[PDB]
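Q: Questions regarding the structure given below will be posed in turn.
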Amino acid sequence: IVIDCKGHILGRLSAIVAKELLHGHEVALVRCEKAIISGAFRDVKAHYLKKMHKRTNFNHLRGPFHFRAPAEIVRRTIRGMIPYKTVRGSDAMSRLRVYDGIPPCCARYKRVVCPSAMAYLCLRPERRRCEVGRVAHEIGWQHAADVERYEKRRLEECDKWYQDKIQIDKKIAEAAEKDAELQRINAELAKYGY
Amino acid sequence: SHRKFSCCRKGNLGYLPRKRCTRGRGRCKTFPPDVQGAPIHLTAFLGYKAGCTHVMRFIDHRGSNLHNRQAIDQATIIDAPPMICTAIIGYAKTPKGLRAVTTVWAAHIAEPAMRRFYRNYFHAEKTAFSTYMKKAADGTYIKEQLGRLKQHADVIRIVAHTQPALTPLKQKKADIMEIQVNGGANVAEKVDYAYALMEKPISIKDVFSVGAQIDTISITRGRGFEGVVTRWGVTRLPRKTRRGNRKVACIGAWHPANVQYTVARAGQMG
Amino acid sequence: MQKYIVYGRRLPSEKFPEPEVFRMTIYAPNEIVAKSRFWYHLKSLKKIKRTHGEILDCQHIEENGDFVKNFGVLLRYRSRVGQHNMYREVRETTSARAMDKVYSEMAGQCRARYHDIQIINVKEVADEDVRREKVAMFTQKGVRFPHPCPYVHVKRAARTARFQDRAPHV
Amino acid sequence: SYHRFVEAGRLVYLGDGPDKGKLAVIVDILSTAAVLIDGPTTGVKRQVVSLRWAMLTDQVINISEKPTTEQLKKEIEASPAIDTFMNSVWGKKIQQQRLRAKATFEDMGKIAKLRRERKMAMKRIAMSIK
Amino acid sequence: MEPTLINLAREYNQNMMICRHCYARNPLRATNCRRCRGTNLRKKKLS
Amino acid sequence: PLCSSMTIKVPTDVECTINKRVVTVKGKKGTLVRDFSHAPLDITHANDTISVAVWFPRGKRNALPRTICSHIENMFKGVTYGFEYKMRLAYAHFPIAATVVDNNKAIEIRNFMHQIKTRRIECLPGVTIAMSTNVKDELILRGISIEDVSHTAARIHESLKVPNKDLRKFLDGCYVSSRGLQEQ
Amino acid sequence: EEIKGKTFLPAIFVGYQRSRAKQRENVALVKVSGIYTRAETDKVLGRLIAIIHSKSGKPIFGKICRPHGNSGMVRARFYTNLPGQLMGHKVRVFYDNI
RNA sequence: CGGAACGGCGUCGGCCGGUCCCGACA
RNA sequence: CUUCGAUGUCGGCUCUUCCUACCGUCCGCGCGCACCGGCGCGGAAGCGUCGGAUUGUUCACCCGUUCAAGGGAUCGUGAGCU
RNA sequence: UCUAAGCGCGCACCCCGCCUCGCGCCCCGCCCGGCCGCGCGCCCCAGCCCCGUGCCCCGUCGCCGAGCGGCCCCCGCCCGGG
C-alpha cells in the first residue's frame with residue numbers, strides 16, 4: 004500500500020498505517036514533507052524542540068535519537084504506535100518504508116489516500132495547521148530545497164506522461180467492447196450491481 | 002550544593018571523541034562555496050610540512066601600533082610538489098545529499114597513483130585499471146562519460162595525485178585528493194576546464210595567490226596515552242594527595258549514577 | 002423525554018376525609034423517575050412527603066409531532082455558586098422532544114444535570130412572541146442556508162478503510 | 002456555500018439512520034442542527050433528522066408551507082424531481098448500490114469471479130493497445 | 078526643532094497610554110492593555 | 002441562516018475579477034491582486050457590487066466581512082487615485098540628509114544624530130519614494146498598494162531610531178505626516 | 002491440495018481472542034475483507050476457513066463461529082490452535098462448501 | 001492541564017433594568 | 001516512613017552537570033528618563049561572577065580588581081584527597 | 001484600535017552552518033555476474049465545476065519479453081621502519 008502523505012494528519016494516518024503493518028500489509032508512505040501537524044507552527048516547533056531537549060545526560064549517544072528528516076519523524080511516530088521491541092512489531096517496522104517526495108519506483112506505484120485522516124475533513128477551518136517539512140527545516144532538516152527542486156521536476160515529467168496516457172486511454176476504452184461487454188452485462192446487469 | 006566558585010569547563014567538547022584519526026590523511030570535507038560566475042578556479046592542494054622559518058615583514062595595518070613598522074613573524078613552509086589530475090568526478094545535488102554521478106578516470110594512470118591501489122606493489126597482481134585502459138585510449142569512452150557528468154552533475158571535482166618522488170618523503174605511493182572546480186559560468190565549462198588539466202600537472206602557484214588566506218587541514222602530532230592534566234588541562238591536585246596529584250578528583254555526583262562524557266578522562270592525546 | 006401528568010394527594014385523615022388533589026406535568030425518562038420528581042415537588046411546595054401521600058394516577062400523554070413549534074422553557078438550575086433562573090426557547094416538533102433539547106443544552110453549556118434543573122413551565126410561543134434570536138432566525142418564512150456540516154460525509158471513509166484512490170470533494 | 006442549500010423541499014439522500022439509503026424532502030428547519038424530513042413516496046416516515054444524516058441533492062421539490070404528509074405526497078408526485086434524480090449519476094449509482102447491498106455469500110462468489118475476468122481482460126485489451 | 082514637527086514627533090513618542098504592569102504602549106483611548114490582556118490600569122507621563 | 006454580509010460597489014473605471022478568494026483589480030494606475038483564501042468568505046460579484054457574506058458567523062468570523070470589504074475597496078481606491086503617505090524628517094541640531102538613490106526605488110538617510118552608520122531602506126516592489134520640493138524635508142511615498150506604501154513608510158520610521166536617551170526629549174526621525182488616497 | 006481452485010475471500014488472522022491480562026489461544030480473531038459491521042458477519046458465519054501453515058505448506062482448516070465486535074471481525078476456531086507465528090498471515094474463507 | 005485570592009472587550013449562554021420610529025444644541 | 005548482621009558524619013580542595021526566583025553583559029519597554037548615571041519591569045541561563053587578611057568553619061567581616069546573583073545534584077563529591 | 005483574518009521587523013537565547021566523530025550508503029577499479037517485483041495525472045475543499053466513485057482475486061491462475069525499479073556479490077597477513 005503506497006499512501007500519499009500530502010494533506011494528511013500525522014497521527015491520524017500513522018494509526019491506520021500501524022494497524023496495516025501489524026496485519027501484514029507492507030506499507031510505503033510518500034510525500035512525508037507535505038503531511039500536516041495540527042496547531043500553530045510556533046507551538047508545534049516548541050513541542051518538537053522540547054522533545055530534542057530530552058537526551059541521556061551521561062552519553063547523548065546512548066539516549067533518545069531525534070530525527071530531523073520528516074520521513075524519519077513519521078517513522079518514529081508509527082514506532083510509538085507499534086510494539087517494536089517485540090519480533091511481531093520489529094517485523095512490522097521492517098515492512099514500512101517512509102519517503103519524502105515520491106523518489107525511486109515509488110513514483111510508478113499506484114497511490115491511495117486515507118480520506119478520514121486527511122486534514123481538510125479532520126480539522127475545522129481556522130484550526131491552524133503546519134506541514135512537517137517546515138517544522139523539520141526549523142528543527143534541522145537540510146534537504147527541504149532538494150525535495151522541492153526534485154518534486155518540481157517529477158511533476159513536470161508527470162504532466163507530459165499524463166497527456167501520453169490520456170490518448171492511449173481513449174484507445175484502451177474504445178477497444179473495451181470485446182468479452183468485457185459480456186462480463187459487464189453478467190456483473191452489473193446480473194443485478195450484482197458491481 | 003553549588004560549585005562555590007566560578008570556573009569554565011576545561012576543554013572543548015566539540016573536539017570529542019578525542020580518538021586517533023581514522024581517515025588516511027587529513028580530508029578537505031567542505032570545499033569553499035561555488036559563487037557561480039567567478040573566475041573558474043581550483044579550491045585545494047595537498048602539500049607536506051617542511052618546517053618553520055621566521056620572516057621580517059613591513060606592516061601596513063592602519064590605526065595599529067605596528068603600522069609602518071617592521072615585524073618578525075613565524076612562517077611555515079609547506080612543500081607542494083605539483084599534483085597531476087587523474088580523474089573527473091561529478092556529484093548531483095540529490096534530496097539524499099551530494100550523490101556521485103560517476104568518476105571518469107584518465108586514459109593513462111601514473112605509477113605513483115597506481116601504487117596507492119595495492120598494499121605491496123612489487124608482489125601485487127597489477128590488475129587495477131587493466132580493462133579500463135583498453136576501453137578508453139580512443140577518447141570516446143572518456144568523452145561520452147564526461148558528457149553524462151555535464152547533464153547530471155551539479156558539482157564537478159577533479160581527482161589529483163601528489164608526485165612523492167619530487168619530495169624527500171619515503172612514501173612512494175601517491176595520495177589521491179579530490180579538488181573541486183569552482184566558479185564556473187556553467188557545469189559544462191567546469192567539465193571542459195577539468196578535461197584541459199587531465200593527465201597534466203597542476204601547481205600550487207596556479208591554485209592560490211600571495212596574501213590569500215587558506216585553511217590547513219592535517220592530523221596533529223601524537224603524544225600517545227596521556228592523562229587528564231596534559232589531555233584536558235585540569236589543575237594538578239596538592240602534593241599530599243595519596244595515589245598521585247595528576248588526576249581529576251571527582252568524576253561526578255552520586256546522581257547521575259553513570260560517569261558523564263563531559264568529565265575529563267585519560268586516553269589518546271594526539 | 003416522555004411527558005406525564007402525575008396526580009397525587011395526602012392520605013385521607015380523620016381531620017381531612019377528602020384531601021385536595023394536586024396535578025403536575027412532569028417531563029422525565031420513565032414513570033418511576035416522574036413519580037420521584039412529583040414527590041420532590043409536593044414535599045417542598047405542599048409539605049406532602051411520598052410516605053404521607055399517594056399517586057392517584059401517572060398518565061403518559063403522547064403527542065402528535067408533525068409540525069415544528071417554538072417551545073419556551075423557564076427553569077431553575079443550581080450552579081457551583083447557587084440557584085439561578087433561566088428562560089430557554091427551543092423549536093421542536095413535540096414538548097417532550099424540546100425538553101430533551103433543553104436538557105442537552107443545559108448540561109453542555111451550563112453544566113447542570115437533570116436533577117439540578119427544575120422546570121418552572123413549558124409553553125408554546127408563536128413566531129411573533131419568540132424572544133431568543135437562535136430560534137427567531139428559523140421562524141422566518143424562508144430559510145436558505147448552506148449545509149452546515151457537508152464534510153461530515155467522512156462516515157463514508159470509515160467503510161473505505163481510508164484507502165480511497167482520490168481525496169473526496171465536499 | 003454556493004449551490005445545494007438547506008431549504009423547504011430540498012430533496013435529501015439520507016446517509017445515516019434507519020432511513021439510510023432513502024431520499025426525502027426537508028419540510029421544515031428546526032435549527033442549524035436538525036430538519037424535519039418526510040419521504041411519502043420514498044418510504045421515510047416524517048421524523049426530525051439531524052442535518053448530518055441528510056446529504057443534500059440538487060433537486061428542490063415545490064411544496065406549500067406546512068404541507069402535511071398527504072399534501073406533500075401529491076406535491077412530491079407532481080414534481081419530476083425524484084425521477085430526474087434517479088436518472089442522475091448519483092441516482093444511477095444509488096440503484097446499483099441498492100442491488101449491491103442484497104448480496105449473499107454465493108452471490109458474492111459469482112461477483113468476485115466475474116471481477117477477475119474483467120481484471121484479466123483489461124490487461125488483454127491494454128496489451129493490444131501498447 | 079519646528080513646533081509643528083515637534084507635535085507630530087510627540088504624537089509618535091509622547092501621546093500614548095502605559096499599562097501599570099505590562100508597561101505596554103497602548104492607544105490614546107484604551108480600556109484594556111493588549112499585552113497585559115485587560116489590565117484596566119493605564120497612564121503615560123509628560124516630560 | 003445567519004450570514005454577516007457587507008457589500009461594496011465596484012467603481013466603473015476599475016475592472017474587478019474574483020476567482021476563489023483571490024481578487025484581481027485593475028484601473029488606470031495599474032493592477033493589484035490580493036489573496037484572502039486564509040479566511041472563509043463567500044465573495045460574490047455580479048451586478049456592480051461585491052458581497053463578502055461569511056456564513057454561520059459564530060465567533061470572530063463576524064469581523065471578517067467588513068475587513069475584506071475594506072481591503073477590496075482600499076485596492077479599488079489605489080488602482081484609481083493611488084495612495085501617498087507623506088513623511089516629514091524631524092531634527093533638532095543635526096540636519097538629516099535623505100537622498101532618493103536607485104531611480105525612485107530606495108532612500109539613503111545620513112547624518113541622523115551625527116551617526117556614522119548610513120541607513121538605506123529599499124521600497125517594497127511597486128512603491129516610489131520622492132522628496133516633496135514644495136513641503137521641504139518631506140518624503141512622498143506613492144504606489145497603488147496601501148499596505149506596501151504603509152510598510153515601506155514604517156520601515157523608514159523604524160531605521161531612524163534614537164538609540165537610547167529620553168524619546169520624549171529627543172524626538173528625531175521620519176514620521177508619517179499625511180496618509181491619504183492621493184497622487185499615486 | 003484439498004484446496005487448489007477454491008475461489009476464497011481474503012481474510013487475516015489478527016491475533017487470539019484476548020484481554021490485556023489473559024489470551025484465549027483457543028479462539029482466533031479474523032478480519033474478513035468486505036465485512037465492516039457486526040450485522041454483515043452473519044453472511045460469513047459458520048463458513049469454512051483455512052490458514053496455510055508456513056512450515057508445513059498444508060492448510061489448517063477452521064470454521065468462523067461468532068462475531069467479535071461491532072467492526073465485522075469474527076472469532077474462529079481451527080482443528081489445531083494456531084501457532085502465533087501466523088499472526089498477520091492471510092486466512093481464506095472458501096466460497097464453495099468444502 | 002496540583003492550586004488560591006484576584007484579574008480577562010477570549011467565546012458562547014443567562015439575569016435584571018434604562019435609551020429605544022417621543023428614530024437613541026440642533 | 002526507610003536504614004542499628006553499619007548507606008563513612010563537617011568544611012575545604014578537585015571536577016562535572018543542572019535550576020532561575022537575572023547581579024553584569026543582550027533585547028525591549030516605563031521613569032519623579034536633558035546628558036551622565038541610576039531605578040522599575042518583560043523575554044533571556046550563552047558567558048562572567050575573581051585575587052587576598054582573620055576563622056576548621058558553612059557563614060561572617062574587611063581589603064583589592066575588570067567592582068563581583070542566588071542556589072541543586074544522599075546538606076553532589078573520603079576504595080578521589082586532606 | 002498592533003489582532004481578530006492578513007503583513008513587517010525582531011533577542012549574548014534557540015536551530016543550523018563551520019567544525020569533531022561517524023553506522024551505513026555511494027561512485028569507481030578489479031569484475032561484469034546471479035536473484036526478485038510488476039503499480040504514476042496533478043491541484044483544490046467557501047466552487048466542491050458536477051463529486052457523494054473506485055479497488056475489493058497476491059494466487060484466487062496471475063507469472064513471456066521489454067522497460068522502470070530494487071537485492072545479493074566482490075576487495076589478505078606476517079615481517080621491517082616511522
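Protein chains in written order, with the entry's author numbering: chain LP, 4 to 197; chain LB, 2 to 271; chain LT, 2 to 171; chain LN, 2 to 131; chain Ls, 78 to 124; chain LJ, 2 to 185; chain Lg, 2 to 99.
Note that CB positions come from ideal geometry on N, CA and C, so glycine has one too.
Please tell me whether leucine 76 (chain LT) and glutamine 110 (chain LT) are closer than 9 Å, where the distance is taken between their beta carbons.
A: Residue numbering aside, residue 76 (chain LT) sits at position 75 when the third sequence is read from its first letter. Residue numbering aside, residue 110 (chain LT) sits at position 109 when the third sequence is read from its first letter. Contact flag unset, no.
Q: Tell me, please, which residues DSSP counts as bridged to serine 179 (chain LJ).
A: Reading the sixth sequence from its first residue, position 178 is the one you call residue 179 (chain LJ). Beta-bridge pairing links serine 179 (chain LJ) to LJ:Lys87.
Q: Exposed or buried, what is residue 1 (chain LN) when buried is set at 16 or more other beta-carbons lying within 10 Å of its beta-carbon?
A: This structure gives no information on residue 1 (chain LN), because the portion of chain LN shown stretches from 2 to 131.
Q: Drop a sphere of 10 angstroms on the beta-carbon of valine 102 (chain LJ), count the other beta-carbons inside from all chains shown, and report buried for 16 or more, exposed for fewer.
A: Numbered from 1 along the sixth sequence, position 101 holds the residue referred to as residue 102 (chain LJ). When all chains shown are included, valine 102 (chain LJ) counts as exposed.
Q: Give the range of the beta strand (DSSP E) segment to which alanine 137 (chain LT) is assigned.
A: Within the third sequence, numbered from 1, the residue matching residue 137 (chain LT) stands at position 136. No beta strand (DSSP E) contains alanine 137 (chain LT), which is instead part of the alpha helix (DSSP H) from 134-140.
Q: Would you mind stating whether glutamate 125 (chain LT) and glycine 66 (chain LT) have Cβ atoms separated by less than 9 Å?
A: Here the question's residue 125 (chain LT) lines up with position 124 in the third sequence. Here the question's residue 66 (chain LT) lines up with position 65 in the third sequence. The answer is no: Cβ separation not under 9 Å.
Q: What's the gap between the Cα of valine 182 (chain LB) and the Cα of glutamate 190 (chain LB)?
A: Counted from its first residue, the second sequence places residue 182 (chain LB) at position 181. Counted from its first residue, the second sequence places residue 190 (chain LB) at position 189. When rounded, the distance between both Cα atoms is 10 Å.
Q: Consider the Cβ of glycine 35 (chain Lg): report whether some Cβ of chain LP lies at a distance smaller than 9 Å.
A: On the seventh sequence, residue 35 (chain Lg) is found 34 positions in, with the first residue counted as 1. With 9 Å as the cut-off, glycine 35 (chain Lg) does not count as an interface residue toward chain LP.
Q: Counting only runs that start and end within the segment 79-123 of chain LP, where is the alpha helix (DSSP H) found for 4 or more residues in a row?
A: Those alpha helix (DSSP H) runs which fall completely within the segment 79-123 of chain LP and span 4+ residues are 90-97.
Q: For a test of the three-state rule: what should DSSP assign to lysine 47 (chain LT), helix, strand or coil?
A: The residue given as residue 47 (chain LT) occupies position 46 in the third sequence. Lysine 47 (chain LT) falls in the coil class under three-state DSSP.
Q: If distances are taken between C-alpha atoms only, which option among LN:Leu37, LN:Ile112, LN:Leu15, LN:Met56 comes closest to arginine 47 (chain LN)?
A: Taking the fourth sequence and counting its residues from 1, one reaches residue 47 (chain LN) at position 46. Residue LN:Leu37 is the option with its Cα nearest to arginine 47 (chain LN).
Q: Which partner residues of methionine 94 (chain Ls) appear in the DSSP bridge assignment?
A: Taking the fifth sequence and counting its residues from 1, the one referred to as residue 94 (chain Ls) is at position 17. The partner list for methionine 94 (chain Ls) (beta bridge, DSSP) reads Ls:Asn103.
Q: With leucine 30 (chain Lg) and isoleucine 52 (chain Lg) assumed to form a contact (beta carbons below 8 Å), what rounded beta-carbon distance in angstroms separates them?
A: Numbered from 1 along the seventh sequence, position 29 holds the residue referred to as residue 30 (chain Lg). Numbered from 1 along the seventh sequence, position 51 holds the residue referred to as residue 52 (chain Lg). Not confirmed; about 13 Å, so no contact.
Q: Would you mind working out which of LP:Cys161, LP:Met84, LP:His11 sits nearest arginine 111 (chain LP), comparing C-alpha positions?
A: Translated into the one-based positions of the first sequence, residue 111 (chain LP) becomes position 108. Residue LP:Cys161 is the option with its Cα nearest to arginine 111 (chain LP).
Q: Assuming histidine 61 (chain LT) and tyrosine 8 (chain LT) make a contact with CB atoms under 8 Å, what is their CB distance in whole Å?
A: In the third sequence, residue 61 (chain LT) corresponds to position 60, counting from 1. In the third sequence, residue 8 (chain LT) corresponds to position 7, counting from 1. Going by Cβ atoms, the distance from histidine 61 (chain LT) to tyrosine 8 (chain LT) rounds to 13 Å, so no, they are not a contact pair.
Q: Considering only their Cβ atoms, is the gap separating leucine 16 (chain LP) from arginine 163 (chain LT) smaller than 9 Å?
A: Start at 1 with the first residue of the third sequence, and residue 163 (chain LT) comes out as number 162. Start at 1 with the first residue of the first sequence, and residue 16 (chain LP) comes out as number 13. Yes, these two residues count as a Cβ contact at 9 Å.
Q: Looking only at its own chain, which residues have a Cβ that is under 8 Å from the Cβ of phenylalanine 9 (chain Lg), when we skip the five neighbours before and after it?
A: Walking along the seventh sequence from the start, residue 9 (chain Lg) turns up at place 8. Cβ neighbours of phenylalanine 9 (chain Lg) beyond the five flanking positions: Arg93, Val94, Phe95, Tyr96.
Q: Assign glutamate 180 (chain LP) to one of two classes, buried (16 or more other C-beta atoms within 10 Å of its C-beta) or exposed (fewer than that).
A: Residue numbering aside, residue 180 (chain LP) sits at position 177 when the first sequence is read from its first letter. Exposed, since its Cβ has fewer than 16 Cβ neighbours within 10 Å.
Q: Measuring CA to CA, which of LB:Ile218, LB:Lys174, LB:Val235 is closest to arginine 28 (chain LB)?
A: One-based indexing of the second sequence puts residue 28 (chain LB) at position 27. Checking every option, the nearest Cα to that of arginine 28 (chain LB) belongs to LB:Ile218.
Q: In its own chain, which residues sit with a C-beta less than 7 Å from the C-beta of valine 163 (chain LJ), not counting the 5 before and 5 after it?
A: Numbered from 1 along the sixth sequence, position 162 holds the residue referred to as residue 163 (chain LJ). Correct list, in chain order: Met114, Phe171, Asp173.
Q: Using the beta-carbon count (16 or more within 10 Å), is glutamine 96 (chain LN) buried or exposed?
A: Along the fourth sequence, one-based indexing puts residue 96 (chain LN) at 95. Answer is exposed; the Cβ neighbour count stays below 16.
Q: Mapping the DSSP letters down to three states, classify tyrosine 122 (chain LB) as helix, strand or coil.
A: Taking the first residue of the second sequence as position 1, residue 122 (chain LB) is located at position 121. It is coil, neither helix nor strand.
Q: Would you mind stating whether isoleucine 147 (chain LJ) and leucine 140 (chain LJ) have Cβ atoms separated by less than 9 Å?
A: Here residue 147 (chain LJ) refers to the residue found at position 146 of the sixth sequence. Here residue 140 (chain LJ) refers to the residue found at position 139 of the sixth sequence. Their beta carbons are not under 9 Å apart, which means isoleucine 147 (chain LJ) does not touch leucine 140 (chain LJ) by this criterion.
Q: Anything in chain Lg within Cβ reach of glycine 27 (chain LP), meaning under 9 Å, just list it in chain order.
A: Here the question's residue 27 (chain LP) lines up with position 24 in the first sequence. Per Cβ cutoff of 9 Å: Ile13, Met88, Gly89, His90, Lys91.
Q: Check distances from the C-beta atoms of the segment 78-96 of chain LP to those of chain Lg and list, in chain order, the residues that come in under 7 Å.
A: The residues in question are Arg91.
Q: Who are the neighbours of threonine 94 (chain LT) on chain LN, taking C-beta pairs under 7 Å?
A: Position 93 of the third sequence, counting from 1, holds the residue named residue 94 (chain LT). Simply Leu37, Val49.
Q: Spell out a yes or no on whether the segment 144-153 of chain LP and the segment 10-20 of chain LN are touching, meaning 3 or more CB-CB pairs, one atom from each, closer than 8 Å.
A: Because the criterion of three Cβ pairs below 8 Å is not met, the segment 144-153 of chain LP and the segment 10-20 of chain LN do not touch.
Q: Just to confirm, is the Cβ distance from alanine 9 (chain LN) to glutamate 66 (chain LN) under 9 Å?
A: Residue mapping note: residue 9 (chain LN) aligns to position 8 of the fourth sequence, counting from 1. Residue mapping note: residue 66 (chain LN) aligns to position 65 of the fourth sequence, counting from 1. Contact flag set, yes.
Q: In this structure, how does DSSP classify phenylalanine 6 (chain LN) when only helix, strand and coil are distinguished?
A: Position 5 of the fourth sequence holds residue 6 (chain LN). If DSSP states are grouped into helix, strand and coil, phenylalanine 6 (chain LN) belongs with the strands.
Q: Given a cut-off of 9 Å on the beta-carbon distance, is the pair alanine 91 (chain LJ) and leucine 118 (chain Ls) in contact?
A: Within the sixth sequence, numbered from 1, the residue matching residue 91 (chain LJ) stands at position 90. Within the fifth sequence, numbered from 1, the residue matching residue 118 (chain Ls) stands at position 41. No.
Q: Can you check which of these residues, LN:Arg116, LN:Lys94, LN:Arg125, is closest to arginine 187 (chain LP) by C-alpha distance?
A: Taking the first residue of the first sequence as 1, we reach residue 187 (chain LP) at position 184. Out of LN:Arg116, LN:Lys94, LN:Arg125, LN:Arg116 has the C-alpha closest to the C-alpha of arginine 187 (chain LP).
Q: Tell me the residue span of the alpha helix (DSSP H) that contains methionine 76 (chain LJ).
A: Translated into the one-based positions of the sixth sequence, residue 76 (chain LJ) becomes position 75. 65-79 is the extent of the alpha helix (DSSP H) around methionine 76 (chain LJ).
Q: Closer than 9 Å by beta-carbon distance: list the chain LJ residues that pair up with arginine 145 (chain LT), in chain order.
A: Translated into positions along the third sequence, residue 145 (chain LT) becomes position 144. Residues of chain LJ passing the Cβ test: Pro2.
Q: Touch check for the segment 25-40 of chain LP and the segment 101-115 of chain LP: three-plus C-beta pairs under 8 Å?
A: As far as the Cβ criterion goes, the segment 25-40 of chain LP touches the segment 101-115 of chain LP, which means the pair count is three or higher.
Q: For the alpha helix (DSSP H) that contains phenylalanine 44 (chain LP), what are its first and last residues?
A: Within the first sequence, residue 44 (chain LP) is the residue found at index 41, counting from 1. First-last of the alpha helix (DSSP H) with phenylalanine 44 (chain LP): 44-56.
Q: Shortest alpha-carbon distance to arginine 127 (chain LP) belongs to which of LT:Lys142, LT:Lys135, LT:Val153?
A: For the purposes of this step, residue 127 (chain LP) is taken as residue 124 along the first sequence, with counting starting at 1. Answer by Cα proximity: LT:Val153.
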